[PDB]
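Enquirer: Sharing model-v9.txt (compact mmCIF, N, CA and C atoms) below.
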# COMPACT_ATOMS: atom_id res chain seq x y z
N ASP O 1 -13.41 -5.61 -9.54
CA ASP O 1 -13.73 -5.70 -10.99
C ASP O 1 -13.70 -7.17 -11.43
N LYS O 2 -12.76 -7.92 -10.92
CA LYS O 2 -12.66 -9.36 -11.31
C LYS O 2 -12.36 -10.20 -10.07
N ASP O 3 -11.22 -9.98 -9.45
CA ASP O 3 -10.86 -10.76 -8.23
C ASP O 3 -9.55 -10.23 -7.66
N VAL O 4 -9.28 -10.52 -6.41
CA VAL O 4 -8.01 -10.04 -5.78
C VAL O 4 -6.82 -10.69 -6.50
N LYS O 5 -6.16 -9.94 -7.34
CA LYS O 5 -4.96 -10.48 -8.05
C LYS O 5 -3.73 -10.19 -7.19
N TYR O 6 -3.07 -11.21 -6.71
CA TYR O 6 -1.87 -10.97 -5.85
C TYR O 6 -0.66 -10.63 -6.72
N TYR O 7 0.18 -9.75 -6.25
CA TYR O 7 1.39 -9.36 -7.04
C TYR O 7 2.64 -9.73 -6.24
N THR O 8 3.64 -10.26 -6.89
CA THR O 8 4.89 -10.65 -6.18
C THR O 8 5.53 -9.43 -5.51
N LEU O 9 6.42 -9.64 -4.58
CA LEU O 9 7.08 -8.50 -3.89
C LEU O 9 7.91 -7.70 -4.89
N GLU O 10 8.38 -8.33 -5.94
CA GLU O 10 9.21 -7.61 -6.95
C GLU O 10 8.32 -6.67 -7.76
N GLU O 11 7.06 -6.99 -7.90
CA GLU O 11 6.13 -6.11 -8.68
C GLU O 11 5.75 -4.89 -7.85
N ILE O 12 5.71 -5.03 -6.55
CA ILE O 12 5.34 -3.87 -5.68
C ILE O 12 6.54 -2.94 -5.52
N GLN O 13 7.73 -3.49 -5.45
CA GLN O 13 8.95 -2.65 -5.29
C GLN O 13 9.53 -2.26 -6.66
N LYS O 14 8.76 -2.40 -7.71
CA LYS O 14 9.27 -2.03 -9.07
C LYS O 14 8.97 -0.56 -9.37
N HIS O 15 8.06 0.04 -8.64
CA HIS O 15 7.71 1.47 -8.88
C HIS O 15 8.50 2.36 -7.91
N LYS O 16 9.15 3.38 -8.41
CA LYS O 16 9.93 4.28 -7.52
C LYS O 16 10.51 5.43 -8.34
N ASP O 17 11.40 5.13 -9.25
CA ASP O 17 12.02 6.20 -10.09
C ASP O 17 11.22 6.37 -11.39
N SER O 18 9.92 6.53 -11.28
CA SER O 18 9.08 6.70 -12.50
C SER O 18 8.03 7.78 -12.24
N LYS O 19 6.96 7.44 -11.56
CA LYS O 19 5.89 8.45 -11.28
C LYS O 19 4.80 7.80 -10.42
N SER O 20 4.17 6.77 -10.93
CA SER O 20 3.09 6.09 -10.16
C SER O 20 3.68 4.92 -9.37
N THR O 21 3.18 4.68 -8.19
CA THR O 21 3.72 3.55 -7.37
C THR O 21 2.61 3.00 -6.46
N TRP O 22 2.87 1.90 -5.80
CA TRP O 22 1.85 1.31 -4.89
C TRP O 22 2.44 1.20 -3.48
N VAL O 23 1.64 0.80 -2.52
CA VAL O 23 2.14 0.67 -1.12
C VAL O 23 1.62 -0.64 -0.53
N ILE O 24 2.18 -1.08 0.57
CA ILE O 24 1.71 -2.35 1.19
C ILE O 24 1.18 -2.09 2.60
N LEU O 25 0.02 -2.61 2.91
CA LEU O 25 -0.57 -2.41 4.27
C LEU O 25 -0.34 -3.68 5.09
N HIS O 26 0.80 -4.30 4.93
CA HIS O 26 1.14 -5.56 5.67
C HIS O 26 0.41 -6.78 5.07
N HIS O 27 -0.45 -6.57 4.09
CA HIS O 27 -1.18 -7.72 3.47
C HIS O 27 -2.09 -7.20 2.36
N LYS O 28 -1.66 -6.20 1.62
CA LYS O 28 -2.51 -5.64 0.53
C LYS O 28 -1.67 -4.73 -0.36
N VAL O 29 -2.17 -4.42 -1.54
CA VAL O 29 -1.42 -3.53 -2.47
C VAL O 29 -2.25 -2.27 -2.67
N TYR O 30 -1.62 -1.13 -2.82
CA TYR O 30 -2.41 0.13 -2.97
C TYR O 30 -1.95 0.95 -4.18
N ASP O 31 -2.58 0.78 -5.31
CA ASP O 31 -2.21 1.61 -6.49
C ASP O 31 -2.69 3.03 -6.19
N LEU O 32 -1.83 3.85 -5.63
CA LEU O 32 -2.26 5.23 -5.26
C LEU O 32 -1.67 6.24 -6.25
N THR O 33 -1.72 5.93 -7.52
CA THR O 33 -1.19 6.87 -8.54
C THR O 33 -2.03 8.15 -8.55
N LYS O 34 -3.29 8.04 -8.21
CA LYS O 34 -4.18 9.24 -8.19
C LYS O 34 -4.14 9.91 -6.81
N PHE O 35 -3.76 9.18 -5.79
CA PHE O 35 -3.71 9.77 -4.42
C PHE O 35 -2.66 10.88 -4.38
N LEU O 36 -1.63 10.78 -5.20
CA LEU O 36 -0.57 11.83 -5.22
C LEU O 36 -1.19 13.22 -5.40
N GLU O 37 -2.32 13.28 -6.05
CA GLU O 37 -3.00 14.60 -6.26
C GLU O 37 -4.42 14.57 -5.66
N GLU O 38 -4.84 13.44 -5.12
CA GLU O 38 -6.21 13.37 -4.52
C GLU O 38 -6.19 13.97 -3.11
N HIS O 39 -5.07 13.87 -2.44
CA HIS O 39 -4.97 14.44 -1.06
C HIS O 39 -3.59 15.10 -0.87
N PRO O 40 -3.47 16.36 -1.25
CA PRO O 40 -2.20 17.13 -1.13
C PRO O 40 -2.06 17.72 0.27
N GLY O 41 -1.26 17.11 1.11
CA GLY O 41 -1.07 17.63 2.50
C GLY O 41 0.35 18.18 2.65
N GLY O 42 1.14 17.56 3.49
CA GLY O 42 2.54 18.04 3.69
C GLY O 42 3.52 16.93 3.33
N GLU O 43 3.28 16.25 2.23
CA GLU O 43 4.20 15.14 1.81
C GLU O 43 4.25 14.06 2.90
N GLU O 44 3.18 13.91 3.64
CA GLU O 44 3.15 12.88 4.72
C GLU O 44 2.41 11.62 4.25
N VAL O 45 1.88 11.62 3.04
CA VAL O 45 1.15 10.42 2.53
C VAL O 45 2.10 9.57 1.69
N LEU O 46 1.91 8.27 1.70
CA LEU O 46 2.79 7.37 0.90
C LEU O 46 4.25 7.55 1.33
N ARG O 47 4.47 7.92 2.57
CA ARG O 47 5.87 8.11 3.06
C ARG O 47 5.89 8.03 4.58
N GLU O 48 5.08 7.17 5.15
CA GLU O 48 5.05 7.03 6.64
C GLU O 48 5.58 5.65 7.03
N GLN O 49 6.88 5.50 7.08
CA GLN O 49 7.48 4.18 7.46
C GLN O 49 8.77 4.41 8.24
N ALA O 50 9.03 3.58 9.22
CA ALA O 50 10.28 3.74 10.03
C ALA O 50 10.38 2.59 11.03
N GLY O 51 9.28 2.21 11.63
CA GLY O 51 9.31 1.10 12.62
C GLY O 51 9.26 -0.24 11.89
N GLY O 52 10.38 -0.69 11.37
CA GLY O 52 10.41 -1.99 10.64
C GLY O 52 9.53 -1.90 9.40
N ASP O 53 9.45 -0.73 8.80
CA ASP O 53 8.61 -0.56 7.57
C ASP O 53 7.15 -0.89 7.90
N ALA O 54 6.42 0.06 8.43
CA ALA O 54 4.99 -0.18 8.77
C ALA O 54 4.16 1.06 8.44
N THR O 55 3.01 0.87 7.85
CA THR O 55 2.15 2.04 7.50
C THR O 55 0.78 1.88 8.17
N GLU O 56 0.66 2.30 9.40
CA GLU O 56 -0.64 2.18 10.12
C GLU O 56 -1.66 3.14 9.50
N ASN O 57 -1.36 4.41 9.49
CA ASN O 57 -2.30 5.41 8.90
C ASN O 57 -1.51 6.48 8.15
N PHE O 58 -1.68 6.55 6.85
CA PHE O 58 -0.94 7.57 6.05
C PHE O 58 -1.94 8.51 5.36
N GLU O 59 -3.05 8.77 6.00
CA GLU O 59 -4.08 9.67 5.40
C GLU O 59 -3.92 11.08 5.98
N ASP O 60 -3.42 12.00 5.20
CA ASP O 60 -3.24 13.40 5.70
C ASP O 60 -4.59 14.00 6.07
N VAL O 61 -4.61 15.26 6.40
CA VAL O 61 -5.89 15.93 6.77
C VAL O 61 -6.19 17.05 5.76
N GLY O 62 -7.36 17.62 5.82
CA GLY O 62 -7.71 18.72 4.87
C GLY O 62 -8.99 18.35 4.11
N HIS O 63 -9.18 17.09 3.84
CA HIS O 63 -10.41 16.65 3.10
C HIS O 63 -11.59 16.59 4.07
N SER O 64 -12.24 17.71 4.30
CA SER O 64 -13.41 17.73 5.24
C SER O 64 -12.96 17.29 6.63
N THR O 65 -12.23 18.13 7.32
CA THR O 65 -11.74 17.79 8.70
C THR O 65 -11.07 16.41 8.71
N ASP O 66 -10.82 15.86 9.87
CA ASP O 66 -10.17 14.52 9.95
C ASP O 66 -11.08 13.47 9.31
N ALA O 67 -10.90 13.21 8.04
CA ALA O 67 -11.74 12.20 7.35
C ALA O 67 -11.33 10.79 7.80
N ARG O 68 -11.90 9.78 7.20
CA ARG O 68 -11.55 8.38 7.59
C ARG O 68 -10.52 7.82 6.60
N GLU O 69 -9.89 6.73 6.94
CA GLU O 69 -8.88 6.12 6.03
C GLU O 69 -9.55 5.70 4.73
N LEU O 70 -9.03 6.13 3.61
CA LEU O 70 -9.64 5.74 2.29
C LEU O 70 -8.99 4.45 1.79
N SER O 71 -8.94 3.44 2.61
CA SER O 71 -8.32 2.15 2.19
C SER O 71 -9.37 1.30 1.45
N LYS O 72 -9.67 1.65 0.23
CA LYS O 72 -10.68 0.89 -0.55
C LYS O 72 -10.78 1.46 -1.97
N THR O 73 -10.70 2.76 -2.09
CA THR O 73 -10.79 3.40 -3.44
C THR O 73 -9.39 3.57 -4.04
N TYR O 74 -8.40 2.88 -3.51
CA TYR O 74 -7.02 3.01 -4.06
C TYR O 74 -6.30 1.66 -3.99
N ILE O 75 -7.02 0.58 -3.82
CA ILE O 75 -6.36 -0.76 -3.75
C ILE O 75 -6.48 -1.47 -5.10
N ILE O 76 -5.51 -2.29 -5.43
CA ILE O 76 -5.55 -3.02 -6.73
C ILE O 76 -5.74 -4.52 -6.48
N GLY O 77 -5.11 -5.04 -5.46
CA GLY O 77 -5.24 -6.49 -5.16
C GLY O 77 -4.64 -6.78 -3.78
N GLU O 78 -4.16 -7.98 -3.56
CA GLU O 78 -3.56 -8.31 -2.24
C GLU O 78 -2.11 -8.75 -2.43
N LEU O 79 -1.46 -9.16 -1.37
CA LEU O 79 -0.04 -9.60 -1.47
C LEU O 79 0.00 -11.12 -1.66
N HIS O 80 0.83 -11.60 -2.55
CA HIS O 80 0.95 -13.07 -2.78
C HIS O 80 1.22 -13.78 -1.44
N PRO O 81 0.62 -14.93 -1.22
CA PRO O 81 0.79 -15.70 0.06
C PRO O 81 2.19 -16.34 0.13
N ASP O 82 2.84 -16.51 -1.00
CA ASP O 82 4.20 -17.11 -1.00
C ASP O 82 5.16 -16.21 -0.20
N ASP O 83 4.86 -14.93 -0.09
CA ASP O 83 5.75 -14.01 0.67
C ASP O 83 5.16 -13.69 2.05
N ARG O 84 3.87 -13.93 2.23
CA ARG O 84 3.24 -13.63 3.55
C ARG O 84 3.95 -14.41 4.66
N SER O 85 4.20 -13.77 5.78
CA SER O 85 4.90 -14.46 6.90
C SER O 85 3.88 -15.20 7.76
N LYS O 86 3.37 -16.30 7.27
CA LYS O 86 2.36 -17.08 8.05
C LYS O 86 2.31 -18.52 7.52
N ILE O 87 3.40 -19.00 6.98
CA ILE O 87 3.42 -20.39 6.44
C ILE O 87 4.48 -21.21 7.17
N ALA O 88 5.74 -20.88 6.97
CA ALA O 88 6.83 -21.64 7.65
C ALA O 88 7.15 -20.98 9.00
N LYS O 89 7.78 -19.84 8.97
CA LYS O 89 8.13 -19.13 10.24
C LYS O 89 7.30 -17.84 10.35
N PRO O 90 7.21 -17.30 11.55
CA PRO O 90 6.44 -16.04 11.82
C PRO O 90 7.29 -14.81 11.50
N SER O 91 8.45 -14.70 12.12
CA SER O 91 9.33 -13.52 11.85
C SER O 91 10.72 -13.79 12.43
N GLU O 92 11.70 -13.05 12.00
CA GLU O 92 13.09 -13.25 12.51
C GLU O 92 14.01 -12.19 11.91
N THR O 93 14.30 -11.14 12.64
CA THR O 93 15.19 -10.07 12.12
C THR O 93 16.23 -9.71 13.18
N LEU O 94 16.62 -10.67 13.98
CA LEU O 94 17.64 -10.39 15.04
C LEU O 94 18.93 -11.16 14.73
Translate the structure of the given file into structure tokens.

Expert:
Amino acid sequence: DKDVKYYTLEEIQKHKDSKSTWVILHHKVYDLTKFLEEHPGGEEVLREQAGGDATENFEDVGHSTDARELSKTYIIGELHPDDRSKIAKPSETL
């Protein structure tokens, strides 16, 4: 609509005890407030994280057989580069 507006990490983790929330694909934001009712499966969408917090594919099934990832009709912007791990160090959680 205008341009990729990046949101700080505090803006992405601000939704939780309300109703609508977004998700991160390692470098993007996903306003999926409508996905909560756009794809009703087995509560497996917007809740697939465990390996160091990672969401490879969270698209349930039912919408015309195994459909493709709808990563485009539910995105709002990208992740601010100030938090992206590609400036000073790469990673370190040991």

Enquirer: If I take atom CA of residue O:41 and atom CA of residue O:13, how far is one from the other in Å, to one decimal?

Expert: 23.9 Å

Enquirer: Using all atoms listed in the file, which of the listed residues (O:78, O:48, O:43, O:59) sits closest to residue O:7?

Expert: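 Of O:78, O:48, O:43, O:59, the one nearest residue O:7, counting all atoms listed in the file, is O:78.
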
Enquirer: Would you work out the distance separating atom CA of residue O:58 from atom CA of residue O:94, expressed in Å to one decimal?

Expert: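 Distance reported for this atom pair: 27.4 Å.
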
Enquirer: Dump as a list in words all residues having an atom at most 9 Å from (-0.2, -13.7, -5.6), computed in the file's coordinates with only C-alpha atoms.

Expert: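 Protein, DNA and RNA residues close to (-0.2, -13.7, -5.6): residues 4, 5, 6, 7, 8, 77, 78, 79, 80, 81, 82 and 83 of chain O.
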
Enquirer: I'd like the interatomic distance between atom C of residue O:64 and atom C of residue O:34, to a tenth of an Å.

Expert: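 So the two atoms, atom C of residue O:64 and atom C of residue O:34, lie 17.7 Å apart.
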
Enquirer: Counting only C-alpha atoms, which of O:2, O:25, O:74, O:52 gets nearest to residue O:39?

Expert: O:74

Enquirer: Measuring between all atoms listed in the file, which one of O:69, O:26, O:60, O:45 shows the shortest distance to residue O:85?

Expert: O:26

Enquirer: Nearest to residue O:20 among O:71, O:33, O:57, O:49, with distances taken over all atoms listed in the file: which residue is it?

Expert: O:33

Enquirer: Taking the DSSP assignment computed from this structure's backbone, write out as a list in words all residues of stretch 10-64 of chain O that belong to alpha helix (DSSP H).

Expert: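 Alpha helix (DSSP H) members of stretch 10-64 of chain O, listed: residues 10, 11, 12, 35, 36, 37 and 38 of chain O.
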
Enquirer: Could you take the residues named above and write them with N, CA and C atoms, as an mmCIF file, keeping the file's coordinate frame?

Expert:
data_model
loop_
_atom_site.group_PDB
_atom_site.id
_atom_site.type_symbol
_atom_site.label_atom_id
_atom_site.label_comp_id
_atom_site.auth_asym_id
_atom_site.auth_seq_id
_atom_site.Cartn_x
_atom_site.Cartn_y
_atom_site.Cartn_z
ATOM 1 N N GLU O 10 8.380 -8.330 -5.940
ATOM 2 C CA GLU O 10 9.210 -7.610 -6.950
ATOM 3 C C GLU O 10 8.320 -6.670 -7.760
ATOM 4 N N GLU O 11 7.060 -6.990 -7.900
ATOM 5 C CA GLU O 11 6.130 -6.110 -8.680
ATOM 6 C C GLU O 11 5.750 -4.890 -7.850
ATOM 7 N N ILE O 12 5.710 -5.030 -6.550
ATOM 8 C CA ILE O 12 5.340 -3.870 -5.680
ATOM 9 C C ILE O 12 6.540 -2.940 -5.520
ATOM 10 N N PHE O 35 -3.760 9.180 -5.790
ATOM 11 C CA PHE O 35 -3.710 9.770 -4.420
ATOM 12 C C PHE O 35 -2.660 10.880 -4.380
ATOM 13 N N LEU O 36 -1.630 10.780 -5.200
ATOM 14 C CA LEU O 36 -0.570 11.830 -5.220
ATOM 15 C C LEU O 36 -1.190 13.220 -5.400
ATOM 16 N N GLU O 37 -2.320 13.280 -6.050
ATOM 17 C CA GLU O 37 -3.000 14.600 -6.260
ATOM 18 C C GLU O 37 -4.420 14.570 -5.660
ATOM 19 N N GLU O 38 -4.840 13.440 -5.120
ATOM 20 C CA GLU O 38 -6.210 13.370 -4.520
ATOM 21 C C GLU O 38 -6.190 13.970 -3.110
#

Enquirer: Pick the closest to residue O:76 from O:44, O:11, O:53, O:31: which is it, counting only C-alpha atoms?

Expert: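 Of all the options, O:31 lies closest to residue O:76.
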
Enquirer: So that all listed atoms of stretch 70-87 of chain O fit with 4 Å spare on each side, what axis-aligned box centre and edge lengths in Å, to one decimal, would you give as lines of an AutoDock Vina configuration file?

Expert:
center_x = -2.5
center_y = -7.5
center_z = 0.7
size_x = 24.5
size_y = 35.3
size_z = 22.8

Enquirer: Anything within 8 Å of (1.7, 2.6, -0.6): list those residues as a ChimeraX atom specification, counting only N, CA and C atoms and sticking to the file's coordinates.

Expert: /O:21-25,29-32,45-47

Enquirer: I'd like to know which of O:17, O:61, O:68, O:27 is closest to residue O:40, using all atoms listed in the file.

Expert: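 Of O:17, O:61, O:68, O:27, the one nearest residue O:40, counting all atoms listed in the file, is O:61.
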